[PDB]
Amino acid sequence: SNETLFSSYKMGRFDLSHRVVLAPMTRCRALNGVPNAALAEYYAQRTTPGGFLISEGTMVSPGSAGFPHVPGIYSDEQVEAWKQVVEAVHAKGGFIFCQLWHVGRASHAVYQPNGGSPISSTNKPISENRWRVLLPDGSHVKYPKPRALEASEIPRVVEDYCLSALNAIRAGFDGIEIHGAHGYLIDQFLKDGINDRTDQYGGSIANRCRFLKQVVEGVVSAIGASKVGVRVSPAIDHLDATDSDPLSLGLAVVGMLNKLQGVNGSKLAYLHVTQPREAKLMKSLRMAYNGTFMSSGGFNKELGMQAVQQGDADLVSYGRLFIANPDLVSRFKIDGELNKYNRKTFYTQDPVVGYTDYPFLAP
C-alpha cells in the first residue's frame, strides 16, 4: 500500500522506473505502411528512462490493415525503417513493444490484396449503424461482408504472427504485444456475439480461445514468453464484439495463459486489459492471472495511483492523455497541468500538426 505510479518494477527482463505506460495507439503517420522520422520523433518525445512504451497497432500481413497509413512489420523494408524509431527510444532509455495487429473483418477491399474480402471467423459483416471503416481519402464507408476462414488456413495466419514477432526483435524491439482486443481478428474468435463457428474454433469458450492460444503459442515459441504481452478486452462492444458472459470469457483467457506458462516454463511479459468507459471483473482477472497485470481505459493520475496502491494493477497504460502530453510521466509526478487532446488530428497524416507539436511542460 506504499507503492505508487512512480515505484520501480521488474518486468521479467526489464527493470522499469515507474508504472506509467504508453498505450498502443493508431495515429496513421506511417505513410504507405513504412515508419519514418516523425514516428521516431513522436515516440522519443514520449520516452522516459526505464519507461515502458507500446507501439501503435502494426500490420502482420498484407490484408491486416483497417486504417490508412498504419505501419507494418512483415517486410524487410518495414524492419529497416523501424530501426530508427526503436534506437530513438533506447537512446532515451525507454522500453518498447511492437503491437501485432490484424483487423480481420474490420477492413475494406481497399486494404486487401487483389481487392479481396477481409478475413474473419464468420461470414457476417459488422452491422452498418454505428460503425464505419476509414479510407485513405478521409471518407467513412460501411464494413463489407468478410470471408470466414477454413481451419486449414489458420496455421498460416499464425505463421504471419511469428514472422512479425521475429521481424520485431530483428528490428530492435524489446518484445511484442498481441492485439486480441476491440473486435479485431482475435476478438472475432473470442466473442460469441461474432464467432458463429461450427468447428473446433467456435462454440465452447475453450474453442473460442483456441485461435488466440495458437497465436500466443507460436509467438512465444519464436521469441520467448518473456518478450510477449497479450491485450484483451472482454467487456468492450466495439465493432459488435459482445459476449454473453464477459467475465467467463476473460477468465477463460486468463486461465489459458496460466496453463500455458507451465507448458513453456516461463512467464509472459504481461497481460493487458482494457476497460470500457462491474469493476469486480477487472479485480477478478487480476487475482486470476499469475503474472504482471497492465490495466487500461479511462485512467487519470488518481485512479492510476490507487490501482497500484490497492494491488489492482502492476502497470497502467494511458491513451488519450499521452497523445496530448509527451511528458505525461513528469506531469503526474509534480501534479502539473495537462494539455487537452485534439480529436480531429488523431488520424491525420501530418508529421507535425497534432502529432509531435503538443508542447512540453515549461521549466
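In case it trips you up, residue 1 is the first one in the sequence shown, and so on.
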* Structure fact -> Unresolved deposited positions lying between residue 140 and residue 141 come to none
* Select between 198 to 206 and 171 to 179 the stretch whose C-alpha atoms have the higher average B-factor in the entry. => 198 to 206
* Once you work out the mean C-alpha B-factor for both 46 to 54 and 299 to 307 from the entry, which is higher? -> 299 to 307
* Structure fact -> Per the deposited entry, the peak Cα B-factor within the set 233, 99, 292, 152 goes to 152
* In terms of the chain's CA B-factor thirds, is residue 131 lowest, middle or highest? -> highest
* Consider only the C-alpha atoms of the modelled residues in this chain, order them by B-factor as the entry records it, and name the third containing residue 336: lowest, middle or highest. => highest
* residue 262 - which third its CA temperature factor falls in, relative to the rest of the chain -> highest
* To do: Rank-wise, by C-alpha B-factor, drop residue 80 into the lowest, middle or highest third of its chain.
  => middle
* To do: Give the position of residue 247 by CA B-factor within its chain, expressed as the lowest, middle or highest third.
  => middle
